[PDB]
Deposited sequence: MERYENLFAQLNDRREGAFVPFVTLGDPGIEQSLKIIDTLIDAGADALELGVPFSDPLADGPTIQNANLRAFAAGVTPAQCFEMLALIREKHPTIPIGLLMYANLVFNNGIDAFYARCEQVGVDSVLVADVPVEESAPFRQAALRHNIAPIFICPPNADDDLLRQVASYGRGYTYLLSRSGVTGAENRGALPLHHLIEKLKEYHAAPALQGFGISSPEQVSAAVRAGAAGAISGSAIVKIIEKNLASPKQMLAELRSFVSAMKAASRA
């Protein structure tokens, strides 16, 4: 499909950046996770980034580490995640859905089969966090074969060759890393990269890592990014309100609405 392409064209018209929340599928349970995701969308999420729980998430800090642990405590499996994704797409036909994957979950029982499953449930993109462009050939080939956008990372230490590869190999959006390190709202994190990506006709850039406030969202848009991703800030609201599922959704709605408002220029 063309869900990212359609989204960015609409946002372009409305003079808007995208706001894209991340959560872990099945955190803190399947049913509450589905409600959380519906709340994110109703509150103004332009797209979703959704993590499949993985035993050893090496690009994630403690907040999202503990999200993965909560989902596992609820018995969440990749199979159950794909059932969730199907339900989400059934409810929401146009919102772009991207998965955050670790390589072994994609590789496990066949790379091609993984991307085929993504296509079946209506996923639009897959970001494999521990597969650099250098190792990406079978992943991006399988992705394109099944109409999935493979997402690649433009780090702050990116050189020209990486920029050209990311622009060529990637579809849907380009991930603009705010900083080195791992995910975390505690650690807050470039025009030359944004400009070069546009020169090489890369997919629109979403800034991610350490974005936890509306001011950072506004600033990313001002910089020329097409939008911003926030994960740990969202997940902290879940963690804080485990015993209060009703307040959890209210506070999620308030936060997402505020972040989305800041994307509007």
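Absence of C-alpha coordinates is noted for just one segment of the deposited sequence, namely 190 to 192.
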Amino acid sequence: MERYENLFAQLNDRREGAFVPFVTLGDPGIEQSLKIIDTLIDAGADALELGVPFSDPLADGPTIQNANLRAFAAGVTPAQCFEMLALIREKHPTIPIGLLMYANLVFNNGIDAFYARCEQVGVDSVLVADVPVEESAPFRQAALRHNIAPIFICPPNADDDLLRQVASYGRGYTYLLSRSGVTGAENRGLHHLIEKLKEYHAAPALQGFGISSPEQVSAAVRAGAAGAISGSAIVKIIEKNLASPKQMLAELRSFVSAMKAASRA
From here on, numbers count along this sequence of modelled residues.
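If you superpose the two forms and keep the largest set of C-alpha atoms that fall within 1.5 Å, you have the rigid core.
Annotation: of the segments 207 to 215 and 34 to 42, 207 to 215 departs further from this form in 9 other deposited structures of this protein (C-alpha atoms, root mean square over structures and residues, core superposition). Of the other entries compared for this protein that flank it with modelled residues, all give atoms for residue 99, so not even a third lack it. Modelled in this chain, residue 171 is likewise built in all the other compared entries whose models extend past it on both sides, so a third of them omitting it does not occur. For the pair 196 to 204 and 30 to 38, the record assigns the higher mean C-alpha temperature factor to 196 to 204. Stretches 98 to 106 and 171 to 179 differ in mean CA B factor, with 171 to 179 having the higher one. Highest C-alpha temperature factor among 217, 50, 67, 234, as the PDB entry reports it: 217. Of the candidates 87, 153, 116, 162, the deposited coordinates give 162 the top C-alpha B factor. In the PDB entry, a CA B factor belonging to the highest third of its chain's modelled residues is recorded for residue 189.
Remark: residue 229 belongs to the lowest third of its chain, ranked by C-alpha B-factor as recorded.
When all modelled residues of the chain are sorted by CA temperature factor, residue 238 is found within the middle third. Residue 9: CA B factor lies in the highest third for its chain, per the PDB record.
The PDB entry assigns residue 81 a C-alpha temperature factor belonging to the middle third of its chain's modelled residues.
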